[PDB]
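The structure appears right after this line, and notes come after that.
Derivation of every value follows stated rules applied to the coordinates shown; laboratory data play no part. In this analysis, Cβ positions are derived from the backbone assuming ideal geometry, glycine residues included, and neighbour counts consider all displayed protein chains.
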């Protein structure tokens, strides 16, 4: 029933409260499967989401993500990592790490998003040697390993 709820839902509202609550807990259980409701309804959720759910994202998403040996199934997770604004502390850094980590393996379809998101937020954090901090700079260097 919930798969119907999002399969309809994708087109129009993403109304945070009404389904977001439901799929929040419901879609993990069937995510225990990786087909159908995970595969599909998990995606329709996270994309419809946007800025809400960033919290359960910052930990639950790293619980899954690697879970997606299917990168195509994981495109929702490349698009999901539009949390470039949020999760500013160590979480953003660590979450950046398996992104780079899964592309040293797959096809190339996920590379488009991997790259571009790294390009916008790294290019946006990119100052000419001006720096910021000692913990986010290690990020920035890693990102150099990436783009390079």
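Worth pointing out:
- Taken as a whole, the structure leaves residue 52 outside the set of residues that are on the phi > 0 side of the Ramachandran plot, more than 12 Å from the chain's Cα centre (by Cα) and surrounded by fewer than 19 Cβ atoms within 10 Å (Cβ to Cβ).
- Close pairs (7 angstrom Cβ cut-off, 6 or more residues apart or separate chains): touching a residue at least 12 places away in the same chain (Cβ under 8 Å) and at negative phi in region 101-117, buried (at least 18 other Cβ atoms within 10 Å of the Cβ) and part of a helix (DSSP H, G or I) anywhere: 110/74; 110/78; 110/103; 113/78; 114/78; 114/99; 114/103
- Tally, over region 1-21, of residues that are within 19 Å of residue 56 (Cα to Cα) and surrounded by fewer than 16 Cβ atoms within 10 Å (Cβ to Cβ): 5
- Residues satisfying the stated conditions in region 74-90, i.e. under 12 Å from the mean Cα position of the chain (by Cα) and either surrounded by fewer than 18 Cβ atoms within 10 Å (Cβ to Cβ) or in a loop (DSSP other than H, G, I, E, B) (or both): 75, 79, 81, 82, 83, 84, 86, 87
- So residue 110, is it under 16 Å from residue 51 (Cα atoms) and crowded, with 18+ Cβ neighbours inside 10 Å: no
- The set of residues from region 116-127 being touching a helix residue (DSSP H, G or I) at 6+ places or on another chain (Cβ under 8 Å), part of a helix (DSSP H, G or I) and more than 15 Å from residue 76 (Cα to Cα) comprises 118, 119, 122, 125.
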